[PDB]
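Okay, here we've got a single chain as structure tokens, the form deposited in one PDB entry, with questions on binding and movement later.
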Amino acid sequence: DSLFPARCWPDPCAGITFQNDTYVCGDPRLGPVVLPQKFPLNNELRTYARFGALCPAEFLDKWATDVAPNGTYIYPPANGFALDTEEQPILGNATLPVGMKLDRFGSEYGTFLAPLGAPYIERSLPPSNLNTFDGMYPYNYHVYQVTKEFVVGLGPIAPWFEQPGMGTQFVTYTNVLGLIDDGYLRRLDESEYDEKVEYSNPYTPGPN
């Protein structure tokens, strides 16, 4: 296991315009050079091959508008829900219960969450969602807990970005920051998701 597939050597960054040392090949779209070393992030990225079996320029040519710096990632249709045999998205509106733990790689202006602990490859995100923008949130990784019930679009994640997808995504009608200000989510600190028991479910009632 390594950064680039062996095929990409001896010049794995050929075709890529360097911009800044922090990122693979200097391209922010390729994500950070250094990756998480601690639980749970290392657990969530343990199965993540950043480019699949592709090389950097091949990856951008497949998934973005241009290999050059002006290129932007192209996203799946239908908000990225897995499509059924009639090419309709699979989802339903569902109430998230108080106590449920969610997480997200990305800014709090987004509307896509996952269940706490979902592998990165289940989220069908590009490498740049691992870029750090706030030092207090390395890798742009945020964990939340539902404090008041609310309804989201809930459904399977389509494969994209050379990953299998098939986690569950929650698509909110208010962005994360707005949900926090309105009392629907609260932020969790590392000490609240560092133990196995903190990943279990005490809020769903049993059948008896």
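A residue's number is simply how far along the shown sequence it sits, counting from 1.
The following text describes the form solved in complex with a small molecule, which does not appear among the structures shown.
Contact label in the bound PDB entry: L113 to the small molecule, heavy atom within 4.5 Å: Yes, contact at 4.5 Å.
Is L130 near the small molecule? Define near as a heavy atom within 4.5 Å, in the bound PDB entry. Judged by the heavy-atom cut-off of 4.5 Å, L130 is well away from the small molecule in the bound PDB entry.
Is it the case that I157, even though its partner is missing from this view, gets within 4.5 Å of the small molecule in the bound PDB entry, heavy atoms only? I157: yes, in contact with the small molecule in the bound PDB entry.
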